[PDB]
Amino acid sequence: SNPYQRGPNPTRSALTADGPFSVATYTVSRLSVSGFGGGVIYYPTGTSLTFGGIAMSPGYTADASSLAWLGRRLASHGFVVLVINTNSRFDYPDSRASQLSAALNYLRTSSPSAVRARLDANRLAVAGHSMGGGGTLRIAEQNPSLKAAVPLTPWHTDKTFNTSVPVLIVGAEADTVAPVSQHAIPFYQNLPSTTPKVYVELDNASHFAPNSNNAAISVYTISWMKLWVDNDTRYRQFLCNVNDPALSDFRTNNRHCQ
């Protein structure tokens with residue numbers, strides 16, 4: 001009944017490993033783009049289907065390589081994913097937001113033929129780490145056409161984002177870079193009450209949790225992207241009636257769980 005549905009009926013276990021699509025990569029050179037620092041596109045092979053696109057930003061001091069595992073993980077479950085480098089590693093969240101926007105325009109207009117053939121540019125979403133997660137929250141305000149946003153251990157001095165884009169924030173309980181009491185939790189709390197929102201807090205986790213393979217980050221990020229980018233309600237089960245021992249906290253307004 002759902003033309004955007006892809007891949008197997010999900011199990012939680014399967015969402016902790018790479019999915020059913022082999023992944024190709026394309027290097028976007030820094031010089032070839034004005035609007036971000038280039039990056040890497042991860043995209044499905046062995047298929048004639050089309051898939052939603054995701055732009056992902058790294059955080060302060062960080063390169064695209066710091067999220068390579070997660071770009072590959074997402075693409076392997078059926079997405080076209082551009083992980084950027086920023087123009088400067090010292091760019092702040094709102095700059096990263098604008099670079100995510102440039103990245104999405106590039107993906108739609110300028111990517112190689114093999115990538116374009118796999119991309120349904122109607123269906124786009126964003127994610128990012130730390131200051132990149134701050135950028136994800138800002139671009140969600142700016143662009144209500146986005147299907148979803150996943151800020152990962154996000155950092156921003158602005159605590160209130162007026163967005164109608166469905167947001168799932170991952171906090172890291174023990175984060176010392178973007179402490180959850182000052183960043184993730186206020187971001188959650190202050191999103192509109194009418195916007196689908198989830199907060200998942202990783203038990204005893206550090207700021208660096210998103211920079212290596214992480215089961216809970218994989219489960220929730222895939223699930224949120226699937227639910228909203230693909231309308232894939234097979235993933236509601238991981239996002240509703242949640243009692244997850246990997247988490248120190250879970251919050252939602254349960255709009256997606258009627």
# chains A, B, ... in the order shown; residues from 1 in each chain; ligands from 1
$ residues_around --residues "residue 88 of chain A" --least-positions-apart "5" --cutoff "12 Å" --atoms "only C-alpha atoms" --output "PDB file with N, CA, C and O atoms, in the first residue's frame"
ATOM      1  N   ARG A  30      36.124  19.186  -2.412  1.00  0.00           N
ATOM      2  CA  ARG A  30      35.862  20.472  -1.775  1.00  0.00           C
ATOM      3  C   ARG A  30      35.801  21.595  -2.807  1.00  0.00           C
ATOM      4  O   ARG A  30      34.896  22.431  -2.784  1.00  0.00           O
ATOM      5  N   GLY A  35      29.436  26.251  -1.140  1.00  0.00           N
ATOM      6  CA  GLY A  35      28.290  26.104  -0.243  1.00  0.00           C
ATOM      7  C   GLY A  35      28.515  25.039   0.815  1.00  0.00           C
ATOM      8  O   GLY A  35      27.774  24.954   1.802  1.00  0.00           O
ATOM      9  N   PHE A  36      29.538  24.220   0.607  1.00  0.00           N
ATOM     10  CA  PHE A  36      30.013  23.313   1.641  1.00  0.00           C
ATOM     11  C   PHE A  36      31.384  22.788   1.222  1.00  0.00           C
ATOM     12  O   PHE A  36      31.936  23.220   0.204  1.00  0.00           O
ATOM     13  N   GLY A  37      32.002  22.010   2.098  1.00  0.00           N
ATOM     14  CA  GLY A  37      33.389  21.588   1.905  1.00  0.00           C
ATOM     15  C   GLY A  37      33.548  20.264   1.175  1.00  0.00           C
ATOM     16  O   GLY A  37      34.525  19.548   1.397  1.00  0.00           O
ATOM     17  N   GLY A  38      32.603  19.944   0.289  1.00  0.00           N
ATOM     18  CA  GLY A  38      32.550  18.608  -0.305  1.00  0.00           C
ATOM     19  C   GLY A  38      32.110  17.569   0.705  1.00  0.00           C
ATOM     20  O   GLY A  38      31.389  17.883   1.641  1.00  0.00           O
ATOM     21  N   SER A  57      25.665  16.514   8.722  1.00  0.00           N
ATOM     22  CA  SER A  57      26.778  17.392   9.076  1.00  0.00           C
ATOM     23  C   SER A  57      27.555  16.831  10.252  1.00  0.00           C
ATOM     24  O   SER A  57      26.965  16.496  11.277  1.00  0.00           O
ATOM     25  N   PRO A  58      28.898  16.878  10.180  1.00  0.00           N
ATOM     26  CA  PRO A  58      29.685  16.620  11.372  1.00  0.00           C
ATOM     27  C   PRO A  58      29.684  17.815  12.319  1.00  0.00           C
ATOM     28  O   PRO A  58      28.985  18.812  12.067  1.00  0.00           O
ATOM     29  N   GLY A  59      30.358  17.667  13.458  1.00  0.00           N
ATOM     30  CA  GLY A  59      30.374  18.713  14.477  1.00  0.00           C
ATOM     31  C   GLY A  59      31.647  19.545  14.499  1.00  0.00           C
ATOM     32  O   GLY A  59      32.463  19.473  13.573  1.00  0.00           O
ATOM     33  N   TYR A  60      31.698  20.466  15.458  1.00  0.00           N
ATOM     34  CA  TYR A  60      32.860  21.330  15.667  1.00  0.00           C
ATOM     35  C   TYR A  60      34.133  20.484  15.718  1.00  0.00           C
ATOM     36  O   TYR A  60      34.203  19.505  16.459  1.00  0.00           O
ATOM     37  N   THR A  61      35.152  20.937  14.985  1.00  0.00           N
ATOM     38  CA  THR A  61      36.460  20.254  14.865  1.00  0.00           C
ATOM     39  C   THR A  61      36.484  18.995  14.014  1.00  0.00           C
ATOM     40  O   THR A  61      37.512  18.325  13.932  1.00  0.00           O
ATOM     41  N   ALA A  62      35.349  18.623  13.427  1.00  0.00           N
ATOM     42  CA  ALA A  62      35.221  17.292  12.858  1.00  0.00           C
ATOM     43  C   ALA A  62      35.100  17.292  11.344  1.00  0.00           C
ATOM     44  O   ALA A  62      34.582  18.239  10.739  1.00  0.00           O
ATOM     45  N   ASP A  63      35.520  16.177  10.744  1.00  0.00           N
ATOM     46  CA  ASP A  63      35.387  15.942   9.310  1.00  0.00           C
ATOM     47  C   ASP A  63      34.225  14.984   9.040  1.00  0.00           C
ATOM     48  O   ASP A  63      33.749  14.301   9.959  1.00  0.00           O
ATOM     49  N   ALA A  64      33.902  14.837   7.758  1.00  0.00           N
ATOM     50  CA  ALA A  64      32.882  13.887   7.292  1.00  0.00           C
ATOM     51  C   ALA A  64      33.221  12.468   7.749  1.00  0.00           C
ATOM     52  O   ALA A  64      32.329  11.663   8.045  1.00  0.00           O
ATOM     53  N   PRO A  93      26.734  26.351  14.348  1.00  0.00           N
ATOM     54  CA  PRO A  93      25.556  25.596  13.919  1.00  0.00           C
ATOM     55  C   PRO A  93      24.792  26.240  12.758  1.00  0.00           C
ATOM     56  O   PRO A  93      24.311  25.529  11.874  1.00  0.00           O
ATOM     57  N   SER A  95      25.728  28.217  10.434  1.00  0.00           N
ATOM     58  CA  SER A  95      26.497  28.041   9.200  1.00  0.00           C
ATOM     59  C   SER A  95      26.336  26.615   8.686  1.00  0.00           C
ATOM     60  O   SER A  95      26.159  26.372   7.481  1.00  0.00           O
ATOM     61  N   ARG A  96      26.372  25.666   9.604  1.00  0.00           N
ATOM     62  CA  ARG A  96      26.204  24.274   9.184  1.00  0.00           C
ATOM     63  C   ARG A  96      24.813  24.041   8.607  1.00  0.00           C
ATOM     64  O   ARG A  96      24.668  23.326   7.708  1.00  0.00           O
ATOM     65  N   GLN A  99      24.953  25.061   5.110  1.00  0.00           N
ATOM     66  CA  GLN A  99      25.746  24.125   4.327  1.00  0.00           C
ATOM     67  C   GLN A  99      24.992  22.818   4.049  1.00  0.00           C
ATOM     68  O   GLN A  99      25.120  22.235   2.967  1.00  0.00           O
TER      69      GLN A  99
END
$ select_by_dssp --residues "segment 9-235 of chain A" --states "alpha helix (DSSP H)" --output "PyMOL selection string"
chain A and resi 68-76+93-109+113-118+131-142+184-190+215-229
$ residues_around --residues "segment 152-162 of chain A" --least-positions-apart "4" --cutoff "7 Å" --atoms "only C-alpha atoms" --output "list in words"
residues 93, 128, 129, 130, 131, 132, 133, 134, 137, 138, 141, 169, 170, 171, 172, 178, 183, 184, 186, 187, 190, 191, 192, 207 and 210 of chain A
$ write_last_selection --atoms "C-alpha atoms" --output "mmCIF file, in the first residue's frame"
data_model
loop_
_atom_site.group_PDB
_atom_site.id
_atom_site.type_symbol
_atom_site.label_atom_id
_atom_site.label_comp_id
_atom_site.auth_asym_id
_atom_site.auth_seq_id
_atom_site.Cartn_x
_atom_site.Cartn_y
_atom_site.Cartn_z
ATOM 1 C CA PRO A 93 25.556 25.596 13.919
ATOM 2 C CA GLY A 128 24.107 15.917 12.213
ATOM 3 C CA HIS A 129 26.481 15.566 15.120
ATOM 4 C CA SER A 130 26.935 18.133 17.890
ATOM 5 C CA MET A 131 27.145 21.599 16.299
ATOM 6 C CA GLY A 132 26.003 19.753 13.157
ATOM 7 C CA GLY A 133 22.997 18.648 15.195
ATOM 8 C CA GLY A 134 22.424 22.307 16.048
ATOM 9 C CA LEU A 137 17.564 21.858 14.179
ATOM 10 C CA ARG A 138 18.013 25.217 12.429
ATOM 11 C CA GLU A 141 13.040 25.571 11.052
ATOM 12 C CA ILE A 169 17.195 13.864 19.166
ATOM 13 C CA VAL A 170 19.833 11.504 20.515
ATOM 14 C CA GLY A 171 21.403 12.664 23.771
ATOM 15 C CA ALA A 172 24.436 11.083 25.445
ATOM 16 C CA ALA A 178 27.069 19.304 24.845
ATOM 17 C CA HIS A 183 21.409 21.277 24.950
ATOM 18 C CA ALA A 184 19.516 18.084 23.984
ATOM 19 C CA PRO A 186 15.970 21.946 26.236
ATOM 20 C CA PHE A 187 15.865 21.436 22.450
ATOM 21 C CA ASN A 190 10.989 23.620 23.383
ATOM 22 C CA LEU A 191 10.042 22.133 20.015
ATOM 23 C CA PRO A 192 6.380 22.791 19.210
ATOM 24 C CA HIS A 207 29.858 12.932 23.122
ATOM 25 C CA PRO A 210 27.989 8.987 17.282
#
$ residues_around --residues "residue 3 of chain A" --least-positions-apart "2" --cutoff "12 Å" --atoms "only C-alpha atoms" --output "list in words"
residues 1, 5, 6, 7, 49, 50, 51, 120, 229, 230, 231 and 232 of chain A
$ write_last_selection --atoms "N, CA, C and O atoms" --output "short mmCIF file (atom, residue, chain, number, x, y, z; two decimals), in the first residue's frame"
data_model
loop_
_atom_site.label_atom_id
_atom_site.label_comp_id
_atom_site.auth_asym_id
_atom_site.auth_seq_id
_atom_site.Cartn_x
_atom_site.Cartn_y
_atom_site.Cartn_z
N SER A 1 0.84 -1.22 0.00
CA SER A 1 0.00 0.00 0.00
C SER A 1 0.87 1.25 0.00
O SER A 1 0.39 2.35 -0.29
N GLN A 5 7.90 2.25 0.47
CA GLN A 5 8.41 1.19 1.34
C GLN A 5 9.55 0.40 0.67
O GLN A 5 9.43 -0.03 -0.49
N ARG A 6 10.64 0.18 1.42
CA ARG A 6 11.78 -0.58 0.92
C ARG A 6 12.26 -1.60 1.94
O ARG A 6 12.18 -1.34 3.15
N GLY A 7 12.77 -2.72 1.46
CA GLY A 7 13.53 -3.64 2.30
C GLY A 7 12.65 -4.57 3.12
O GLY A 7 11.41 -4.59 2.99
N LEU A 49 15.28 0.84 -7.80
CA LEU A 49 14.36 1.66 -7.03
C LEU A 49 14.98 3.03 -6.74
O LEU A 49 16.18 3.26 -6.94
N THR A 50 14.14 3.95 -6.29
CA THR A 50 14.61 5.24 -5.82
C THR A 50 14.34 5.39 -4.32
O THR A 50 13.51 4.69 -3.74
N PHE A 51 15.09 6.29 -3.69
CA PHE A 51 15.18 6.35 -2.25
C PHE A 51 15.26 7.80 -1.83
O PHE A 51 15.73 8.65 -2.58
N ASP A 120 15.22 9.91 -4.99
CA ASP A 120 13.93 10.61 -5.10
C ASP A 120 14.02 11.92 -4.36
O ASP A 120 13.94 11.97 -3.14
N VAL A 229 10.66 9.58 6.15
CA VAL A 229 11.10 9.73 4.77
C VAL A 229 10.31 8.79 3.86
O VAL A 229 9.95 9.16 2.76
N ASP A 230 10.07 7.56 4.33
CA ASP A 230 9.46 6.53 3.50
C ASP A 230 8.00 6.27 3.86
O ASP A 230 7.42 5.30 3.37
N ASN A 231 7.50 6.97 4.88
CA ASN A 231 6.17 6.68 5.43
C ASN A 231 6.08 5.24 5.95
O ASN A 231 5.00 4.61 5.90
N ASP A 232 7.22 4.68 6.34
CA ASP A 232 7.27 3.25 6.64
C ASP A 232 6.83 2.93 8.06
O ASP A 232 7.64 2.91 9.01
#
$ select_by_dssp --residues "segment 9-222 of chain A" --states "strand (DSSP E)" --output "number ranges by chain"
A: 23-28, 39-44, 51-57, 80-84, 119-129, 149-152, 167-172, 197-202
$ closest_residue --among "A:198, A:103, A:68, A:74" --to "residue 28 of chain A" --atoms "only C-alpha atoms"
A:103
$ closest_residue --among "A:31, A:148, A:202, A:41" --to "residue 224 of chain A" --atoms "only C-alpha atoms"
A:148
$ residues_around --residues "residue 212 of chain A" --least-positions-apart "3" --cutoff "12 Å" --atoms "only C-alpha atoms" --output "list in words"
residues 65, 66, 67, 68, 69, 70, 71, 72, 73, 129, 205, 206, 207, 208, 209, 215, 216, 217 and 218 of chain A
$ write_last_selection --atoms "N, CA, C and O atoms" --output "PDB file, in the first residue's frame"
ATOM      1  N   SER A  65      34.511  12.166   7.833  1.00  0.00           N
ATOM      2  CA  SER A  65      34.945  10.820   8.198  1.00  0.00           C
ATOM      3  C   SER A  65      34.450  10.404   9.586  1.00  0.00           C
ATOM      4  O   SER A  65      34.342   9.204   9.880  1.00  0.00           O
ATOM      5  N   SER A  66      34.106  11.385  10.415  1.00  0.00           N
ATOM      6  CA  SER A  66      33.649  11.114  11.772  1.00  0.00           C
ATOM      7  C   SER A  66      32.246  10.510  11.812  1.00  0.00           C
ATOM      8  O   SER A  66      31.809  10.016  12.857  1.00  0.00           O
ATOM      9  N   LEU A  67      31.594  10.494  10.655  1.00  0.00           N
ATOM     10  CA  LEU A  67      30.247   9.908  10.539  1.00  0.00           C
ATOM     11  C   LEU A  67      30.160   8.920   9.383  1.00  0.00           C
ATOM     12  O   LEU A  67      29.070   8.521   8.980  1.00  0.00           O
ATOM     13  N   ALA A  68      31.306   8.425   8.940  1.00  0.00           N
ATOM     14  CA  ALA A  68      31.336   7.531   7.795  1.00  0.00           C
ATOM     15  C   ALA A  68      30.547   6.244   8.071  1.00  0.00           C
ATOM     16  O   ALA A  68      29.790   5.775   7.214  1.00  0.00           O
ATOM     17  N   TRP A  69      30.714   5.680   9.265  1.00  0.00           N
ATOM     18  CA  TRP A  69      29.992   4.457   9.598  1.00  0.00           C
ATOM     19  C   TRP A  69      28.484   4.646   9.473  1.00  0.00           C
ATOM     20  O   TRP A  69      27.771   3.743   9.008  1.00  0.00           O
ATOM     21  N   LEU A  70      28.003   5.830   9.836  1.00  0.00           N
ATOM     22  CA  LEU A  70      26.568   6.073   9.899  1.00  0.00           C
ATOM     23  C   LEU A  70      26.008   6.451   8.529  1.00  0.00           C
ATOM     24  O   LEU A  70      24.904   6.032   8.166  1.00  0.00           O
ATOM     25  N   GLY A  71      26.797   7.141   7.709  1.00  0.00           N
ATOM     26  CA  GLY A  71      26.411   7.338   6.307  1.00  0.00           C
ATOM     27  C   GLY A  71      26.254   6.022   5.566  1.00  0.00           C
ATOM     28  O   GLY A  71      25.260   5.800   4.873  1.00  0.00           O
ATOM     29  N   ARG A  72      27.215   5.119   5.761  1.00  0.00           N
ATOM     30  CA  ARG A  72      27.148   3.795   5.169  1.00  0.00           C
ATOM     31  C   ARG A  72      25.970   2.986   5.735  1.00  0.00           C
ATOM     32  O   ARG A  72      25.244   2.337   4.989  1.00  0.00           O
ATOM     33  N   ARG A  73      25.814   2.999   7.052  1.00  0.00           N
ATOM     34  CA  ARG A  73      24.726   2.286   7.710  1.00  0.00           C
ATOM     35  C   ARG A  73      23.375   2.709   7.141  1.00  0.00           C
ATOM     36  O   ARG A  73      22.571   1.856   6.743  1.00  0.00           O
ATOM     37  N   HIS A 129      25.862  15.802  13.823  1.00  0.00           N
ATOM     38  CA  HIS A 129      26.481  15.566  15.120  1.00  0.00           C
ATOM     39  C   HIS A 129      26.845  16.905  15.764  1.00  0.00           C
ATOM     40  O   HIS A 129      27.489  17.747  15.132  1.00  0.00           O
ATOM     41  N   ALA A 205      26.636   7.397  27.962  1.00  0.00           N
ATOM     42  CA  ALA A 205      27.382   7.594  26.729  1.00  0.00           C
ATOM     43  C   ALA A 205      28.119   8.920  26.671  1.00  0.00           C
ATOM     44  O   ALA A 205      27.717   9.917  27.282  1.00  0.00           O
ATOM     45  N   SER A 206      29.160   8.942  25.851  1.00  0.00           N
ATOM     46  CA  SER A 206      29.934  10.149  25.662  1.00  0.00           C
ATOM     47  C   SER A 206      29.533  10.911  24.409  1.00  0.00           C
ATOM     48  O   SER A 206      28.813  10.396  23.530  1.00  0.00           O
ATOM     49  N   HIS A 207      30.014  12.142  24.322  1.00  0.00           N
ATOM     50  CA  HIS A 207      29.858  12.932  23.122  1.00  0.00           C
ATOM     51  C   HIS A 207      30.311  12.215  21.852  1.00  0.00           C
ATOM     52  O   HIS A 207      29.838  12.533  20.757  1.00  0.00           O
ATOM     53  N   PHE A 208      31.289  11.324  21.982  1.00  0.00           N
ATOM     54  CA  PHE A 208      31.879  10.681  20.816  1.00  0.00           C
ATOM     55  C   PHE A 208      31.074   9.480  20.345  1.00  0.00           C
ATOM     56  O   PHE A 208      31.485   8.788  19.409  1.00  0.00           O
ATOM     57  N   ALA A 209      30.016   9.141  21.078  1.00  0.00           N
ATOM     58  CA  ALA A 209      29.234   7.953  20.724  1.00  0.00           C
ATOM     59  C   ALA A 209      28.800   7.911  19.263  1.00  0.00           C
ATOM     60  O   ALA A 209      28.874   6.859  18.644  1.00  0.00           O
ATOM     61  N   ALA A 215      24.753   0.721  18.369  1.00  0.00           N
ATOM     62  CA  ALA A 215      23.513   0.017  18.063  1.00  0.00           C
ATOM     63  C   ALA A 215      22.286   0.905  18.235  1.00  0.00           C
ATOM     64  O   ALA A 215      21.399   0.904  17.389  1.00  0.00           O
ATOM     65  N   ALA A 216      22.185   1.603  19.359  1.00  0.00           N
ATOM     66  CA  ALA A 216      20.991   2.382  19.623  1.00  0.00           C
ATOM     67  C   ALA A 216      20.872   3.557  18.657  1.00  0.00           C
ATOM     68  O   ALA A 216      19.794   3.805  18.113  1.00  0.00           O
ATOM     69  N   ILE A 217      21.996   4.197  18.332  1.00  0.00           N
ATOM     70  CA  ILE A 217      21.950   5.252  17.343  1.00  0.00           C
ATOM     71  C   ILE A 217      21.482   4.711  15.988  1.00  0.00           C
ATOM     72  O   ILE A 217      20.647   5.321  15.308  1.00  0.00           O
ATOM     73  N   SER A 218      21.922   3.508  15.657  1.00  0.00           N
ATOM     74  CA  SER A 218      21.540   2.881  14.404  1.00  0.00           C
ATOM     75  C   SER A 218      20.040   2.588  14.404  1.00  0.00           C
ATOM     76  O   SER A 218      19.327   2.975  13.472  1.00  0.00           O
TER      77      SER A 218
END
